[PDB]
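Sequence lines set the chain letters: A, B, ... in the order given, protein chains first and strands last, and positions in each chain run from 1. Hydrogens, waters and symmetry mates play no part in the numbers below; they use all other heavy atoms, side chains included.
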Protein chains: 2
Amino acid sequence: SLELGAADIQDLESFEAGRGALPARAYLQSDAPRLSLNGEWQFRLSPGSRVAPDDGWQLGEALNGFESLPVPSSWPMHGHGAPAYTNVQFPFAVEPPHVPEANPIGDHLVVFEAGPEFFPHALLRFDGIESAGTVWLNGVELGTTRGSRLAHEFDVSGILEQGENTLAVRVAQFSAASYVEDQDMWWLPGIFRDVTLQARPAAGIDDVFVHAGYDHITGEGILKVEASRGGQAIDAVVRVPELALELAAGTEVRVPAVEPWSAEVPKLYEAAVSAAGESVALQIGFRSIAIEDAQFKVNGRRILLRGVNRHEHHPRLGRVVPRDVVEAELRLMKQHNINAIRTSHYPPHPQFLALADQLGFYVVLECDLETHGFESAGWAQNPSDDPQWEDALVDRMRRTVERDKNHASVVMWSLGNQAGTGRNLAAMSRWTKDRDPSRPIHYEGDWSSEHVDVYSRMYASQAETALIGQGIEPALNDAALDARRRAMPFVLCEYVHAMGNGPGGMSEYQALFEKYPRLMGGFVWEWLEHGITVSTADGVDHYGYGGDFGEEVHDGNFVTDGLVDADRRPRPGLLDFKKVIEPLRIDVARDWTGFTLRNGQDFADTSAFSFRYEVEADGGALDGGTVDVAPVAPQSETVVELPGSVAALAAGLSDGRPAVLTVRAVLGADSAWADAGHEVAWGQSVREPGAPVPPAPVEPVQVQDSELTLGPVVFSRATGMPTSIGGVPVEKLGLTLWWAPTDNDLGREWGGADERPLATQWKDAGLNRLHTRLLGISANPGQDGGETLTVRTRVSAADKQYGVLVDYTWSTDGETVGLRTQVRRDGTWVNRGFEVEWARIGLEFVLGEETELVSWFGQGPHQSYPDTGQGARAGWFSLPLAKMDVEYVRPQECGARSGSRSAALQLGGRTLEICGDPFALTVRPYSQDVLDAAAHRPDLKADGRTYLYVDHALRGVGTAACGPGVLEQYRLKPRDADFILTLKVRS
Amino acid sequence: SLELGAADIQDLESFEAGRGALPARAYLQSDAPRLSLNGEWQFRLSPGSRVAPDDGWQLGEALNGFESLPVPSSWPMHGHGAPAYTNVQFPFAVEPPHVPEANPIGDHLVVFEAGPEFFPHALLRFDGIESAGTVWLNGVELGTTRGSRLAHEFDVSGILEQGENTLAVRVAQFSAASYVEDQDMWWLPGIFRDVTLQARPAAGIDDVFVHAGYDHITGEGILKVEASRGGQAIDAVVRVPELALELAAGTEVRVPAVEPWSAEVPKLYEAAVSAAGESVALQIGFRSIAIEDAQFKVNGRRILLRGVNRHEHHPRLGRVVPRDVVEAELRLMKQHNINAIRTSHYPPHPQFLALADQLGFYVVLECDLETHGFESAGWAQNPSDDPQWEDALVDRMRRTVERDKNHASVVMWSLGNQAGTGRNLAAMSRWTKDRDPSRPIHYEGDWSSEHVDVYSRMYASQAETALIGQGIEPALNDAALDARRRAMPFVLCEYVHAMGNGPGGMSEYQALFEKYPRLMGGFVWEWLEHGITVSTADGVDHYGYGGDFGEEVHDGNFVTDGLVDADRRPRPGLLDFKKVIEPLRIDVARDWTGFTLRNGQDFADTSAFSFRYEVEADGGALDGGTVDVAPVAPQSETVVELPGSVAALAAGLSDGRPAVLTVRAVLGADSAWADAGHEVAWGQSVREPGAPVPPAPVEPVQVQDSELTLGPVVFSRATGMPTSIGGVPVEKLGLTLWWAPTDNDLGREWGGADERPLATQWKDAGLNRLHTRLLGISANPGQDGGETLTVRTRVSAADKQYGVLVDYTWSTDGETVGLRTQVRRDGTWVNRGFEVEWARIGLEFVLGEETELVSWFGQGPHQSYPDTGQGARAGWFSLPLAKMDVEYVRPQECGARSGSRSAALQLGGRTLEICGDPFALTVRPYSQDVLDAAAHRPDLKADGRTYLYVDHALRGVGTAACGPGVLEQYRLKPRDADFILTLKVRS
Ligand SMILES: OC[C@H]1O[C@@](CO)(O[C@H]2O[C@H](CO)[C@@H](O)[C@H](O)[C@H]2O)[C@@H](O)[C@@H]1O
Ligand SMILES: OC[C@H]1O[C@@](CO)(O[C@H]2O[C@H](CO)[C@@H](O)[C@H](O)[C@H]2O)[C@@H](O)[C@@H]1O
Ligand SMILES: OC[C@H]1O[C@@](CO)(O[C@H]2O[C@H](CO)[C@@H](O)[C@H](O)[C@H]2O)[C@@H](O)[C@@H]1O
Ligand code: NA
Ligand code: NA
Ligand code: NA
Ligand code: NA
Ligand code: NA
């Protein structure tokens, strides 16, 4: 037997959990001495175990090939190898427990000083190593770690020396554990969380288990704080000053009155549990969780989960998320009305839990387990059902539960994610129910729900959710399991996939959540895009995604699928989501006399809010103020009268003058997560502008050799298109039916016998390559010697027989231009046996000058499509051209403003104004073909023109990248259509 | 009505044939004065009719915007616009008779002098204008042309002036006629054939119709030469000096003895038909065509068509094919045993016909008609069935037939190609049968064969051809039409699609052609690749194809699908085809005493051939000479004894010494198409070398820290791979299962429920991204203290569970290395529900040095795959590395030499030798991933290494790009396998 490295590889292929570690326990704030070893370490990378040197480097002397590296780190974020993104696919051959030969081996070393306070007893703590670590101290092997997002501690008593010590950690990227860590995210090896030296004084406390229930009938707290040392219960004193409590650890007491903890009102009581040699500081939130009548209840009430799935990602540091970024993003979530977080799909940094307790989120704390890439072989060799993996998988769940069991914010334990069904998941569930019966068990991966307490699905359609909400979904084959599941409350652990332009269809889910008590709510997939900052040639910065780092196998931009970008800048989807889940409903009376107010919170009344009104018109604000609202109880409603001035202003409005009344609920005072005046909810009533009246056609057509003139518009006699409007140069005018595919349009819709993505259906149909034939140009009798001009055209694509006849009828009184567009199908829009859907029915104006400013009356400020835009409110908006765009990582259709009544483009010295019945407005400095061709933002280039899109109809954007496509009501099937616009140019 | 250009466009949209032209007639060699106007014209291009100037340019004075252009020309070959390639797709919206707005308009003008010999009467002749011409002479409109590959003539009497004249031609690229000219080829507008001024003397001859039949019972010729003027029969004298004939035009006579015309023996008699004012020169071939007993017969005998489809293309001049290129390519065809040409899919240049008469080809003369792009709408609006198109389509057939009706080589008229079924095709057939009953009618497009005389298909499988050959194919629904068709002979007008590496499966068709009299044979698709020469940055030259010229819609490299490249360099497919269709069969006796000889010709005996033998061995030729063969009649056979020296040499051969006896039939004398010694047919008998005997394993394994040594091979202990063999650096060794997809592998195979191209099946299966895990390395007891070395590995791909266990067992005596490779499936090779096929079972050696020379014993010199290589003969070959490659336009797998027994690579100072039971050999200076990624030849780059492929098994290459995929016997399904090689290095 002559091959090198067999012992190292045999360890990496082990099914066992780590070796040599102390018992799993809680992460506890203690007064015991501690020393963080975070900082600059020395690092050496080898390409595999068989060539990783056995050169005594653990002793730290004469190190050849080492360089400095910050720890904690994801080491491919610092030039060592490269990030690699796969979704489901494993990046190595599926032969568990075997590892590939190409397996980055990172040797880590740091020298540190240990003072006398770490003797006789201390330990070393590692809060995360991806995926397999071997640890030596002063050349002595302490043990190994498995479970990349889990904590390990090693006793160093009698190995640590007073004074200088050398810590050495060999980290393998891949191991047998990789087979159970197949989350959809970047593969990033490293020592990516804290390394800590902790003294273990005699007569100390190793573990604590807080039990703090709430009796919602009596208002009492039920408190018991367990404390142990070496796995044995110990004498300790628990003190809770604010509740006047001094009690023994280990005894259950009834606190006469406590204020209960919820995400809405995250009341925490400071406490300490003390033994002779060590004191632990705790924050106690009293709350009880119960499943009753097919509802998930906290403190006696059904709650609504307004959730997101939170991965840990940083665009420059990988899995290392700085604390200030964590604090800021949780405040951002609260500021967008989120009340719940799922830790997809592993425990977070241990510091996250106290922030969730404090700011207030319902947390689904999920174990580090995912075997998704076994699905493609029918789950053959799945670790979840393989007896050899039982100890490893129970260990993951044990470490998960033990670390975070004291936190009020944790309201469910999750076994893992997309790991199939199997006996080891049952073992993990049984262990958890025995250890901590206070929290229900979640696991979507087994739809029978045999070993869980809630029925969880991901991306179930709105239709299926409505059936589940009514308790009428199809039965399981097993009657006993069906009865159990039908009595469970239902949660969407992932829904309304937020990739690219979208997500559409959020309102339809939310209406069901509000209607059906069995529905717990849902967690958007996902909070953040995992973009990785990259540099172009001129040092331009942009986000990269799958395949941008040389991966042989990858899943492209599927890692950029979030409500916020990697730097936590909101995508439009977050602005819409904030509105969808707003915790108050404000319905403003049509006559502006008042508003109906429903408090949708579960526990809090409306006393935290100030209720403000404003009336706005073309010239700005006309009236505004605040109104007193007696506190509305949770789940109750009332009618609030507005001051008489408001309705009087509505009564005096001249007909056709637009005006908007907005009623807003804002924070009356600073909270922990935002300042006074922060907006939480709103409602509006709009007095719409009258339809624009088309101008009298009193100008005639002036005919020249090659041009025609009709008031302010010049036409080409060869094309029939305008070449200038009031001096503004027009390079092209034509019909649009297509847009640059969104991420959703690139996904298959599994619903019918056509599984081509919409984008492919469009390409096959030629919708991206329309051409127009001129049929004729004629002038017609207008008014008082005036003439209208009708240009007849037909739009089709090469090699297709279907088309649309498009007639433009132009009229002018000399200042205002009337444009009537009529579209008529000529032949059936069917291609490859399937009917062709359209993205829109609209016009593209290509103008020969650049636009500096875009203003409009309609919905804003951000984009809106038929099935999105909930956060776009009625008003007057004005933006520089650049701010009309949306910086999605892969450029795609975006930036449309649906519901526009008027628009004004400032092209240098002129202003082009458009009016009509509702239209969507888009303005870009590059063409649709440039947008579609661009894979990253630097691929976009301005060409000196303005591309102006005026759409009479748009389709929805849906969530077809993962989950439901566009709902039926928002699909755009070929039809005949006609629409009127007016245009005019101002200097 | 204000749009510009409506009259021009109305003409372009006309359904009528041209206007103003003289009656269609034959192309005739006359003594009437003539003046070619070919030469430098003046040319102006406009982008469409509506902007094409009406500026009096036809008068030729004050021309603004004109530049010189050669005529004839395809004008996009000279910088004016660009070539555009589509296969089926129309490049404009399918709204016949309407034309797109983007429609290149080329104005052509030339000034010329007309002497007195062109008065009083002359005409102007245009032999081709694509697609619509309007002609003016001295400002007077003569008429228009429709039918791009058809001739038009215009009477200029009284318009032509003595002295200077100005000819003006406006040419539209697209017209209504484009709908009926949808051939799979480049769209190339232009005046692309001759322009001629011809005097029409009084008492002349306008048309001639030669009837020259052959009575094969009596040997008589049946001759009647019709002559007419102004459409009326005239008095003229026919003289045929060689047959001692002087007869009146219009009278049928019986010539007592004539020598008949065939492609094999193209006897032509010179003749002249003379009136008082004009004499026409003719070449008369006597031959009669008959369909009898479901056979296509010429001169009383069934013939075998050994055919190609000939387009007219030139890589720098487009549709203009210089005469010297025509002459050379027809000689090249004869030199590759071709005897038949289909003029796909329009009449050729008129000069082609006399060359075919002279050199000898059976010609299928096809009308300019193809409506293929209507198929995708179920043939809705197909012109072939639209009454408005009757006159246009009958006109095309009339001009087709009238031009070429005097040529003996034309043995069938074809109505067109892929034009569906319809009443206008029936009209064309009826017109043709009435006008010229002497030639059968061909048209594949209507499978019922209602209006034809032969049953024609394209790309029918070998299986279906065998059924048709036996007369047992499934019946038509209509019993009367079925009876008619079952009594027709059967031709493949297109088969064994020759795109890229291939075509495979030619032998299986040919065996059927020889077995079944109903089978007429077939015409390969196609003779030439339509590559267009393009230049890179350093002025490197390469061929471009579809999409390389900016086309919005195109069909890529489907235009490069020929037996020869655009410069008429043979592809390997032509070398194989020559052998498949060789007209003699030579079967050499195993004992080398003689050979069996079958004469497969239809008319000629074997007297044109010299029969040569040669015996070759490792040291070169050992014996050779000629042998006398009494002439063998067509379709007969004989046994020919070889001189005794040959068998004596075979008897004396020491066992295991390779030697090859080749018997060849060459031209005994110069022919019109090749020189004496040109090889026509051959056969071989090979005395195979014994299996190489593996060396005694008497060397032990020498173990060092990181390396192992076993005689001349050094191994890495980390990988188990050799790092040098006898000093030759080895960078990598591993198993191969994949190759860079051929054009055929990129085509769908419609046969089963998996319609993914093989290339896609491979990509989905990960076959292009294999990885290898090392399982162990061990030494084992050899002989006399010697050791063998077994390296155990497993090959798989990321995210897959299937693999193959590959064990390498190495042995050496110190000079020769034995390598045994054993492959064993581990798990089922199924992916996405379908079994994964392999391209090969082989080894890739990546050597760290360049190869200058590759030599081998096996088959050669050119490439061979399991279902190709018929033209590769047994022998010893040696080539510089560059000449191992094949210059396909899109690089792809190619260059394998199947059937190799030994190989020698010269890498500088060393020679690496490989021996084994048969293996395929490939050697390249770049990797497979470079080959697969390259879209054009300049994308290939040498990297300083040698990539050496030794394959124990290969799959076939088939013709899946269009037609049958790999036949079952040549498919390579996953299996277990083992194979032995020996290696040794010489300095
Ligand atoms: O295919 C549905 C079926 O598969 C199971 C495991 O057998 O769940 C797996 O597949 C689901 C569908 O892709 C995933 O949603 C789930 O996460 C995964 O574990 C069954 O539970 C389910 O009935
Ligand atoms: O970082 C969270 C932090 O944001 C602050 C200050 O920026 O909150 C204010 O700022 C937000 C920026 O959009 C406002 O949207 C928000 O309404 C406002 O309170 C801090 O107060 C908060 O703690
Ligand atoms: O161009 C046709 C022309 O080729 C010639 C001379 O090249 O024929 C000879 O050349 C061929 C080149 O490969 C040989 O393969 C062929 O065997 C040989 O006769 C002319 O004779 C022929 O007319
Ligand atoms: Na609910
Ligand atoms: Na994702
Ligand atoms: Na108040
Ligand atoms: Na035959
Ligand atoms: Na082709």
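- Proximity to chain B (any heavy atom under 4.5 Å) is shown, for A:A6, by neither the backbone nor the side chain.
- When B:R773, B:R794, B:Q89 are compared by the number of non-hydrogen pairs under 4.5 Å with chain A, B:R773 comes out ahead.
- The two residues A:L2 and B:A779 come nearest to each other via the heavy atoms CD1-N, 3.9 Å.
- When the shell of 6.0 Å around CD of A:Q10 is examined, it contains 12 or fewer heavy atoms from other residues, nucleotides or ligands.
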Next item on the list: List the steps, then state whether side chain to side chain contact (heavy atoms under 4.5 Å, CB included) holds for B:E95 with A:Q801.
Entry: CA-CA 6 Å; B:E95 60 179 357; A:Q801 296 199 11; over 6 Å; no
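- Residue A:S716: no heavy atom, backbone or side chain, is found under 4.5 Å from chain B.
- In this structure, no portion of B:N831 lies under 4.5 Å from any heavy atom of chain A.
- For A:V701, the part sitting under 4.5 Å from any heavy atom of chain B is the side chain, from C-beta outward, and nothing else.
- If you measure heavy-atom distances from A:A718 to chain B, the contacts under 4.5 Å come from both the backbone and the side chain.
- Your options are A:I9, A:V51, A:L774, and the one with the most heavy-atom pairs under 4.5 Å with chain B is A:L774.
- B:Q702 pairs by the side chain to side chain donor-acceptor pair (under 3.5 Å) definition with nothing, not counting sequence neighbours.
- Salt bridge status for B:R717 with A:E3: absent, with no side-chain N to carboxylate O gap under 4.0 Å.
- Interface summary for chain B: among A:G776, A:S796, A:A102, A:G373, the most heavy-atom pairs under 4.5 angstrom belong to A:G776.
- Ranked by heavy-atom pairs shorter than 4.5 Å toward chain B, the options A:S778, A:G827, A:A93 are led by A:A93.
- Contacts of A:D182 with chain B are absent, with no heavy-atom separation under 4.5 Å from either backbone or side chain.
- For A:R825, the side chain to side chain donor-acceptor pair (under 3.5 Å) partners at least two apart in sequence or on another chain are A:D976.
- When all heavy atoms of A:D799 and B:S376 are compared, the closest pair comes out as O-OG, 4.2 Å.
- Interface check for chain B: of the options A:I777, A:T86, A:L775, the most heavy-atom pairs under 4.5 Å are formed by A:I777.
- For B:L789, the part sitting under 4.5 Å from any heavy atom of chain A is the side chain, from C-beta outward, and nothing else.
- For chain A, the option among B:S1, B:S706, B:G720 with the highest count of heavy-atom pairs below 4.5 Å is B:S1.
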Next item on the list: Show your working on side chain to side chain contact (heavy atoms under 4.5 Å, CB included) between A:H771 and B:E101 and close with a plain yes or no.
Entry: CA-CA 9 Å; A:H771 287 289; B:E101 296 295 322; over 6 Å; no
